[PDB]
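# First portion of the complex, with coordinates as positioned in the assembly:
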Amino acid sequence: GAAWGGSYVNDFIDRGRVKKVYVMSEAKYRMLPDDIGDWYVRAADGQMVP
């Protein structure tokens, strides 16, 4: 999700009025299905997994 869908995390305060915080991928690593391969999941032990 937070790579491809985005994530509202917490709120921060811009110039004195509250705005949002979204964490998401950069553009170029979430356009074509092959980009699925770029993402690895950290395991129980300490290894990345495609």
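Cool, the structure landed. Numbers count the residues shown, from 1 in each chain, chains lettered A, B, ... in the order given.

# Contact partners for the residue of chain A most remote from its centre?
The outermost residue of chain A relative to its centre, with distances by CA atoms, centre = their mean, is residue A:16 at 26.4 Å. Counting by CB atoms under 8 Å, 6 or more residues apart in numbering, residue A:16 touches no other residue. C-betas here are computed from N, CA, C, even on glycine.

# separation between it and residue A:9?
Per CB to CB, to the nearest Å, residue A:16 is found 20 Å from residue A:9.

# throw chain B on there as well:
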Amino acid sequence: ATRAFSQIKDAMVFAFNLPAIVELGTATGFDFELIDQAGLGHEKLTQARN
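Below is chain B, added to the chains above:
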């Protein structure tokens, strides 16, 4: 009473009566609001009030 507690106190203490039309003003009198438009912050607005 305002005479009693004006001079002989270390902090200000009023003694008074409510008007007949409560929640709705005196006769000679106004309620001004100084408002922040550019995002100038608490200090600049405060100082502006002074």
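
# let's see the contacts of residue A:16 again after adding chain B.
B:36, B:39, B:41 (CB atoms under 8 Å, 6 or more residues apart in numbering or on different chains).

# Give me the buried entries from those residues.
Buried subset of those (neighbour count, 16 or more other CB atoms under 10 Å in any protein chain shown): empty, as none qualifies.

# ok, how many other residues are close to residue 6?
No chain specified, so I'll use chain A. Using other CB atoms under 10 Å in any protein chain shown, residue A:6 has 12 other residues around it.

# actually it's chain B I care about, not the one you picked
There are 11 residues near residue B:6, going by other CB under 10 Å.
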